[PDB]
Structure formats: structure tokens, C-alpha cells
């Protein structure tokens, strides 16, 4: 089974200077929370430890981007980090990351706010991203797929129930994943330049995710 109730539980259970330093700081901090969040997802812990690692290494960037995007829907022209510091449009632009920051605001944060995406819908979307069968190295790509399918079956149902008014609400949720994939890649690239130039402190767990497959 794949109950939408326990997915939201996973989301609830994990609720709590220089923009870039704060960003690297908050990303390392949230990586611990992501592990705990992942374990509270149905059928996840019952996957072989090696594939749990592969999925978490494949999706961590998009999973964290989704979280702070939804977290910032009640914020004007800026994002709320997990450390508790706000990063606004000007501060990010003055840091040299205004472009990718703007994409997050328009393609993600604003779109979430304007459809009033709830924590259940956010939860399912992050579960769909976590259960990525395209991930290379999986011992059982078919089973991950089986789990993803059961996530968006439960999500479509919840939508048609909770929002019977909106018949395309289910499709609108899934069609944010392309932008999320796109934004994740660009954010990741920004993260790599930081590490390479190495003038920004990068703590150990974040450092571990940025190193070779």
C-alpha cells in the first residue's frame, strides 16, 4: 500500500552573513534531515541499502530544492533557508547567482504559491522524485518504478478527492518536475564551482554528495 497520510507525516516530522556561505551551510544541514525524511517514506527502508544510497545520491539536490521552494511561498521575492536566514532577490543577485535564483522564484516558488500546493502534494512529488527508476546502478529498476507508480496513483486520487473542481490539478503537479530537474542541474553546477574555487567552506556531508559516482 501507499497511504498519502504517512507521506505527509514524513513531511511534518522534519519541519524545524554571505548568501552563498549560508546556502552551503543550510544544504549540508538539510542533508541529514533528508535521510530521516526518506526513512519515513513507505517501503523505502525495505530497499537494499545500496539502492537507498543510489536514489538518495541521485535525487538529493532536487529534493532539497523542492523543500525550500515550498517553504518560501509565504515570502516576498526571496527564499527561506533551513538555518532561518532569508536570501532576497538583491542579495542573491549581488552574490552572482541572480539568474538561477530568479528561475527558482518564477518557475517554482511562485507557481507553488499560485496553485496553493499543499504539503501532501509536495510530499508526493518529492516521493516521485526519490523513486527514480532512471537512476544508474539500481539492482532492481523495476521495483523502484513499481513504487513510483503507487505514489502517483495515490496522488491523483487525493487530488480528485480534495480538489474535484480541478481536473487538471494532477497534471499541473507533475509538469513542475521538468523545471525542477532543470533547476537542479544548474544549482548543482553552481555548487561545483564553489567547491573547485574552494573559497566557500563546504561541510563534510555536502562534500560527500559532490564527489564521484
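Residue numbers count along the first chain shown, from 1.
Omission of residue 16 is seen in a third or more of the other entries compared for this protein where the adjacent residues are built.
Unmodelled deposited residues between residue 16 and residue 17: 10 or more, per the record.
Per-stretch averaging of Cα B factors for 127 to 135 and 75 to 83 places 75 to 83 on top. Two stretches are in play, 150 to 158 and 175 to 183, and the higher mean C-alpha B-factor belongs to 150 to 158. Among 33, 166, 61, 67, the highest C-alpha B-factor in the deposited entry belongs to 166. The PDB entry assigns residue 26 a C-alpha temperature factor belonging to the middle third of its chain's modelled residues. In this PDB entry, residue 110 carries a Cα temperature factor that places it within the lowest third of its chain's modelled residues. Among the modelled residues of its chain, residue 20 has a C-alpha B-factor that falls in the middle third according to the deposited record. Per-chain ranking of the deposited C-alpha B factor places residue 10 in the middle third. Ranked within its chain, residue 95 lands in the middle third, by CA B factor from the PDB record.
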